[PDB]
Every structure is written in C-alpha cells, then in structure tokens.
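Here you get one chain, nothing else, as structure tokens; it is the form deposited in one PDB entry.
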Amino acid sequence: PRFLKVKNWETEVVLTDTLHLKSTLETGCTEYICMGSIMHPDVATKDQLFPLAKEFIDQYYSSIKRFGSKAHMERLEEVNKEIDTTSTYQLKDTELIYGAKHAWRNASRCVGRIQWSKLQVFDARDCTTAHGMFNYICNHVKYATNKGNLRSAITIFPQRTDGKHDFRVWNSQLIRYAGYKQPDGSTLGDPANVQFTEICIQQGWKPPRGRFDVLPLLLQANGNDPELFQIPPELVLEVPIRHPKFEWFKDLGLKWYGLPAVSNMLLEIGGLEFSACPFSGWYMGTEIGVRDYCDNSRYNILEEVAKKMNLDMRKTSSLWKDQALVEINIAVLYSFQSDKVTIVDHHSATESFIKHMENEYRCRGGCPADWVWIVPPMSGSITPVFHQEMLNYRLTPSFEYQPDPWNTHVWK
C-alpha cells in the first residue's frame, strides 16, 4: 500500500500521503490497538550509527539536489571514517541547520509548523561550561524576544558522547514561574513547577516566594553537576493580563511571560543526540496556563473569574466553566495584542496549519500530524482541524522526550 488518503469532512478535500513510507520508528499502535492518546507509547554503537548517519546524509543531499554527487559520496566516506575511528561524527554547520529545521517540520504535535523554515539556529557546540551555557541562553532569549516581535530560534549545545558527559538544561522551559507548596497544602505560584522549584531551592536558590517568581536556570555542562544562574530580569518580557470589557479582571493581578522556550527535549539528527537544545517560538493563546493559578486560599482563576462574572456555579449545565474559560482567553489575547507581543489565537493557528498541511502534501508528499495534540483545548469543532483526518508517523530528524536529569544524574 504505497498511498494513504486522508479526507477533510467539511471541505471534502482528499490528500494523498506517500511520505509515510520514510517513517523510521514505531508508533506504539498495532493492527489491533491504537495508542494515539497515550502520552508516551547506553549510546549508539558503531554499527548502529553507520545506517542512521547514511540515511540522514542521503536525505540532506537530496534536499539540496546533489544526491549521488561527488560531494555526497565524499561526505558519506568522511562520516564513515569518523565513525570507524571515533565511534561518532560531527555534523557540518549546514547539516545542523537543516536537521534542526526538519525536526520542527517533522514534529507531529506542533500546530505552528507553517513557520518551520524560518527557524534561527544558534550553534553552541563549542560550549564547555555552565557559564557559557548561560551566555548562549541569554543571547537566545534576547534574540527571540526582539522587544515583543518574537522570532523562532533554537540553541544547540554539544551532542552526547558516552552518556556520562551530557549537556542538559534542567528547566522544562527557559522562562517559568516558581510554585511553592505551603504547609497547609495550598500552592503559591504555578502548581506545575513545584518539583523543579524544590530542586532549585535545594541547590541554593533564595526564593522571593511570590506569585510570579521567574525560576533560575539550572544548567549542566559536560556531565558536571548543574549550576544556578538568574536570568537578567530585563530580558524577561511579561504581559499584564487585563480584559477589554471587565474592569475588574486586572485586579486579579495576573501576568504571563511572552516567550515559550521549551528546554527539556532531545534533538536527534542522523543518530546523534543533542540533549540540550532549547527552542522557542510564540504562544497560541490557549496554551497560557494562568487558569490553574489560585486567586485566594481556595479558588482557581477559573472559579474566581466565574464568581466575578456572577455566574451560577451550582450546576454544571449552566456552563459557567465554559463561559469563564472563554473570557480568560479573550483577556490573554487582548493583553498580548495591546502590548504588541506576538501571539496567535487558535482559529488563526489552525487555519494556518491546514494551509500548511495541504502545501506539505503537495510539495513533500505528506505531513505527519497528531490530531489529539493539534486540535486546540477549547472550541475544537469550530476550528478547521477538527474535521481534518490526519496520519501520524515518526520521521527523523526529530524532537524526542528524555528522562528528567535529576533521575539519572550521577552527582559528583
């Protein structure tokens, strides 16, 4: 079965996927089970690495329309000799850039991929220490932020060698707010970040103990113990959240940071593993997790918004949760737009993704897409991705999950 077809049930457009033939790794599904809603369903040896590097180099020389050329054959022989004599190899700058852009292009869960070719790639493979990691990360944050006109970027630190000298960013994102578990069980700040917050304090961080404390960077170079650094506050662009109609919404005291920069994933290119590779874009409004904050000793933001809206909160069928959720998302978009900080709403983002997906089917022969993650977390059926059938499969280069470094790190 060389071709697979997907249908859009609103428009009746049918697209034909051949790209899936290049899929490399297992999905977790079988002919008898689907694991599509499952969150996640020793270094490479010499013999394991030869074919993975050849596949990548072949793909690279095809993309630049030099497949089979003298340069292609010479590059292949060079890589083969490096693996034979050193058990690994080094990517050229061009291949690194190509590989990072294509890991984004291949990210089946990412709705923002129409932008994939504009990624700014910062080569930090000469970095040797956590201070140098901090320098690279500050420059990335400053460049990507661009005074609110956000630019997508990735910074790539040295690849894994024996697995005992890994570079890692222990933060899950470069910018996130601390959370503090109180003795009485309540949470101050962002509840998602309580474990990592406790690690930072344990490493020596003196917490301000506020609602929106930007966490320090915890940076690990060359397998050494990680080191704490404070991001300069002038580099952290933030948006106060207010509402175009509800005067009281600003009184909730909410703000969010402008730059989503995920820093705990692994970038895999040609069998090489870049365990420190923070990448950033701009937000879709629904992602901003200000909803889980506590306004007082007992109430969510969602509950507190509904209470200030004078909604009936005794029955679920009044849809007070739905009403409040819409208004919170209105406030997020209004505030970012008012402050001229790049943000995209879920209608625009999904409409762009469908245009992206069609272009990729036409020009590339397919587009791996994970419906469970592409459909936004609200108003699903009124966005164009809901009635769009998708095929999910794993192409390389790719971004991958990796274990939390505190679970594996051997402390010096």
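The first residue of the shown sequence is 1; numbering continues from there. Take the two forms, superpose them, and find the largest set of C-alpha atoms that agree within 1.5 Å; that set is the rigid core. Only residues modelled in both forms are compared.
The form deposited in another entry exists for this protein as well; it is not shown, and the discussion that follows is about that form.
- Only one entry in 122, 143, 299, 229 has its C-alpha moved by 2 angstroms or more between this form and the one not shown when the rigid core is superposed, and that entry is 299.
- Once both forms are overlaid on the rigid core, the distance between the two CA positions of residue 289 between this form and the one not shown is 2 angstroms or more.
- Three angstroms is the minimum change: in that other deposited form, the CA atoms of residue 202 and residue 289 sit farther apart than in this structure, by 3 Å or more.
- Compared with the form shown, the residue 211-residue 299 C-alpha separation decreases in that other deposited form, the change being 3 Å or greater.
- The protein segments that move between this form and the one not shown, counted as runs of at least three consecutive residues with every Cα displaced by 2 Å or more relative to the fitted core, are 42 to 45, 289 to 300.
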